[PDB]
Amino acid sequence: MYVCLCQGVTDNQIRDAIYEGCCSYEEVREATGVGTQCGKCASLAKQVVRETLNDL
Ligand code: FES
């Protein structure tokens, strides 16, 4: 699904950003743009980050 409609970032793209090097929402934000516009998706994006890290 789209986590961030403003930037067109999917849950899979957040996971892949982590697999590819990111360790934090802040890094995923800079790498993908998630949460940089209205910011309403930040909590959901942080949930995806937390879930992905816990699964590693
Ligand atoms: S929905 Fe992600 S910044 Fe607006």
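Residues numbered from 1 in each chain as written, not as in the entry; some residues may be left out. Heavy atoms only, no water. Residues with missing side-chain atoms left out of burial classes, pairs and counts.

Draft legend 1. A look at the overall build of the protein chain. Of the regular secondary structure elements, the protein chain holds 3 helices and 2 strands. Rg of the C-alpha trace for the protein chain: 10 Å, near the compact-globule value of 10 Å for 56 residues, within the 12% margin. C-alpha atoms of the protein chain, sized along the principal axes, occupy 30 × 15 × 15 Å. Sequence-distant contacts, at least 24 apart, represent 48% of the contacts inside the protein chain between residues at least 6 apart. (Helix = DSSP H or I, 4+ residues; strand = E, 2+ residues; numbered from the N terminus. Rg over C-alpha atoms; globule rule 2.2 N^0.38 Å. Contact = heavy atoms within 4.5 Å.)

Draft legend 2. Fine view of the pattern of salt bridges. Inspection of the entire model under this criterion finds 1 salt bridge. Between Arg 15 and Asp 11 there is a salt bridge, and its shortest N-O distance comes to 2.9 Å. Placement of both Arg 15 and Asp 11 in helix α1 (residues 11-19) is noted, with a separation of 4 residues, approximately one turn of the helix. On the basis of relative accessibility, which here comes to 26%, the residue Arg 15 falls in the partly exposed class. (Salt bridge = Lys/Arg side-chain N within 4 Å of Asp/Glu carboxyl O. Buried < 20%, exposed > 50% of the residue type's maximum accessible area, 1.4 Å probe, protein only.)

Draft legend 3. Spotlight on the UniProt feature "domain: BFD-like [2Fe-2S]-binding" (unreviewed entry) in the protein chain. The UniProt record marks residues 2-49 with the feature "domain: BFD-like [2Fe-2S]-binding" (unreviewed entry), using the residue numbering of this structure. The span residues 2-49 is 52% helical and 10% strand by assignment, and the distance between its end C-alpha atoms comes to 14 Å. (UniProt positions renumbered as here; feature names shortened; annotations may be inferred.)

Draft legend 4. Representation of the environment of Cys 22 within the structure. Of note, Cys 22 is situated in the loop between α1 and α2 (25-32). Under the relative-accessibility criterion, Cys 22 is labelled buried at 14%. C-alpha separation for the pair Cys 22 and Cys 4, spaced 18 residues apart in sequence, amounts to 17 Å.

Draft legend 5. Just the nonpolar core, in detail. Within the largest apolar cluster, 15 residues are counted, with the highest numbers of intra-cluster contacts made by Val 3, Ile 14, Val 28, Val 34 and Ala 45. For this core, the elements supplying multiple residues, two or more each, are β1 (2-4), α1, α2 and α3 (42-54). If sequence neighbours within four positions are ignored, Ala 45 has contacts with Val 3, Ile 14, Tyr 25 and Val 34. (Core = buried A, V, L, I, M, F, W, Y, C linked by side-chain atoms within 4.5 Å.)

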